[PDB]
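Data first, discussion second: the structure below is written as structure tokens.
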Amino acid sequence: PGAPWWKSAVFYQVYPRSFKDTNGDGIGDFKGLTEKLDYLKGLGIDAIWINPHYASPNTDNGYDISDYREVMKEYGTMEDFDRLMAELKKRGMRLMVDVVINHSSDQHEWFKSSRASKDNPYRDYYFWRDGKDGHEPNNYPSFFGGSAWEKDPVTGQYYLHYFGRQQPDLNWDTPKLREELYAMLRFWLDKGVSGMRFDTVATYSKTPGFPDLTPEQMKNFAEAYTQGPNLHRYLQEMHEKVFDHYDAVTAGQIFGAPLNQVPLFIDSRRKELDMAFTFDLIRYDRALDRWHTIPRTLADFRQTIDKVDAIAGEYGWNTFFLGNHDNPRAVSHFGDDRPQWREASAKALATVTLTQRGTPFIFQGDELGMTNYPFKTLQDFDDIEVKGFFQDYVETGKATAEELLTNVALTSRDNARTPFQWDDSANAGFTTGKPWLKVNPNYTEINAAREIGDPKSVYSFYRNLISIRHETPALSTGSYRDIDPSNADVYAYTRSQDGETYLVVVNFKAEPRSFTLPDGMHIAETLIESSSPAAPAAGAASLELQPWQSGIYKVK
Ligand SMILES: OC[C@H]1O[C@@](CO)(O[C@H]2O[C@H](CO)[C@@H](O)[C@H](O)[C@H]2O)[C@@H](O)[C@@H]1O
Ligand SMILES: [Ca+2]
């Protein structure tokens, strides 16, 4: 048999708000993305995942939806959306949209009705509960600061919100709400959408009785919210009522779940989701409070990857990504973003990204080597997660504003949201007005127009890697094997399929290193290298590596 298209596709994540503005209001829009499809097509992209594009008050930039069937005013009209669809099809590309059904905006008609009275027909579309002992129903904290329970004076009860107070959680325990959600998914699927990424898919099921979390659970509340007892019954129901009738690919953002539970979401035999976005790797150096960082080495990096890969087993499938809209920039996070090493290391990371087993997702800008942004004050962050950390750690005296800044400058998701750098015109060609979030000053040296024609740019290296992966089955669907989980200097692994074996070797040190191939293995050909002065000799049994050198080889 053949492997589904999604297992050998290369996806690109577009955060519309920061991709391309075409009417100078400072916010990216659909017309801007449509206008750039040739750029994505030329890069070699097969499919695009776009962040939320529905009507939203934007308290959380698309993730607080006020109407699942209208497009966000800032991005355009349904007509623009359809046009995007049509233009992607002409290029043989597929669109994956974001599905945010753990919560809705508090401006959605369902919630406006729900909060009116305890007897309103929409009361149970959400979670309403009496406070206890003079305060909230229980000790549940919110991802974005303070309590997860908000009191509504209209009825005297509190409603639940794992996220923003303007993002009340939807009540999956209510059949009528589930059916409405299924009918809303068909509305988009009927328009031809090829894939759906499920926002915080592991938190749909709530714990009966809402008992207080234990002190330990409070330490990692994100994990506790992924343990609802009806989760998989609900995901299986959604697959049977909806996905069974279409040929869309499903990808779940399993945030907060213990890795050992991931197979329940992706084992194809369970008929739940097709693939998984996990966070063990991207948060491998993040502390439990989600804002401090902890020092890690390449040994920790590869070991996490091996664990995640082993979790897909035979019937499951993983996505692979080094960056997205909720995390710091890939080259700053995992590579070395100092001027003299940024390009070499961004190419190294590209080699890792495109040779991993699973479906890779390239986050907008990483193909250029975009970096974290030089925040100077807390006022430079738009992110509500940061305002939340201020409320929970500074106002409470657990940390000073300076300590918060020092740390969130390295972890804030806003590092990934500064406008895409198209060229060196005003605001790097992202807008003719004022960008909603400041463009990085390094756009003068890091921009698409400058890299596109240069054979040695980070962009060209990504383009070349994508081509190589597309022509080498082993690099998408082949087996994966880490050659030395304990080595903290050089990442080396093999990918194999149908008797064909490839070797990937990436130096993660800003110093020369050597690599001896497994005994019995010899280089056969060199497919590509970055930052290398000369390819190895056919038959080489070892490799000399320059600082941050990466290479893909066919062995024998
Ligand atoms: O970004 C912060 C925070 O939210 C997570 C889910 O736990 O991600 C998804 O849902 C959020 C709320 O809907 C969005 O703000 C975010 O953009 C979306 O990916 C995690 O990434 C993280 O804990
Ligand atoms: Ca615009």
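If you read the sequence from its start, that first residue is 1, and numbering goes on from there. In listed order, ligands and their atoms are each counted from 1. No hydrogens, no waters, no symmetry mates; every other heavy atom, side chains included, goes into these values.
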Would you say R197 has any N or O atom under 3.5 Å from an N or O of ligand 1, going by distance alone? yes
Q253, any N or O under 3.5 Å of ligand 1 N or O: yes
Option nearest atom 17 (O) of ligand 1 (shortest heavy-atom distance, choices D326, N324, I254, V201): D326
Within 4.0 Å of some non-hydrogen atom of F144, the atoms of ligand 1 are 15 (O)
Among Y15, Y63, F255, closest by heavy atom to atom 22 (C) of ligand 1 is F255
Using distance alone, with no hydrogens and no angle criterion, decide if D274 and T250 have a side-chain donor and acceptor under 3.5 Å apart. yes
Numbered in order shown, the ligand 1 atoms found under 4.0 Å of a heavy atom of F163 are 4 (O), 6 (C), 7 (O), 11 (C), 12 (C)
I'd like to know whether the aromatic ring centres of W110 and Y126 sit less than 6.0 Å apart in this structure. no
Would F198 and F243 count as a close aromatic pair, with their ring centres under 6.0 Å? yes
Checking heavy atoms under 4.0 Å, the part of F143 that sits near ligand 1 is side chain
If I take the Ca ion (ligand 2) as the centre, what angle separates the O atom of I27 from the OD1 atom of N23? Nearest 10 degrees is fine. 150°
Would you mind running through ligand 1 and noting each atom that sits below 4.0 Å from a heavy atom of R417? 17 (O)
Are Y63 and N51 close enough, and set up right, to give a side chain to side chain donor-acceptor pair (under 3.5 Å), and what steps lead you there? CA-CA 8 Å; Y63 286 94; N51 292 91; 2.9 Å; yes
The Ca ion (ligand 2) - name of the N/O/S atom of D29 that sits closest to it: OD2
Can you see whether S105 engages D64 through a side-chain donor-acceptor pair at a distance of less than 3.5 angstrom? no
Ligand-residue contact atoms, ligand 1 with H325, heavy atoms, under 4.0 Å: 16 (C), 17 (O), 18 (C), 19 (O)
In ligand 1, the atoms that come under 4.0 Å of a heavy atom of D199 are 9 (C), 10 (O), 13 (O), 18 (C), 19 (O)
Of all N/O/S atoms in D25, which lies nearest to the Ca ion (ligand 2)? OD1
Tell me, with the steps shown, if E385 and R290 meet salt bridge (charged side-chain N to carboxylate O under 4.0 Å, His left out). CA-CA 10 Å; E385 184 162 41; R290 315 197 318 285; 3.1 Å; yes
Within-cut-off N or O pair, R413 and ligand 1, under 3.5 Å: yes
For atom NZ of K434, decide whether the heavy atoms of other residues, nucleotides or ligands shown that lie under 6.0 angstrom number more than 12. no
Do the side-chain N and O atoms of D169 and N102 include a donor-acceptor pair separated by under 3.5 angstrom? yes
Are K206 and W172 in a cation-pi contact, defined as NZ or CZ under 6.0 Å from the six-membered ring centre and within 45° of the axis? no
Sub-4.0 Å atoms of ligand 1 with respect to non-hydrogen atoms of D60: 12 (C), 13 (O), 14 (C), 15 (O)
Contact between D21 and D29 at the side-chain level, heavy atoms closer than 4.5 Å - yes or no? yes
Return the name of the atom in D21, of element N, O or S, nearest to the Ca ion (ligand 2). OD1
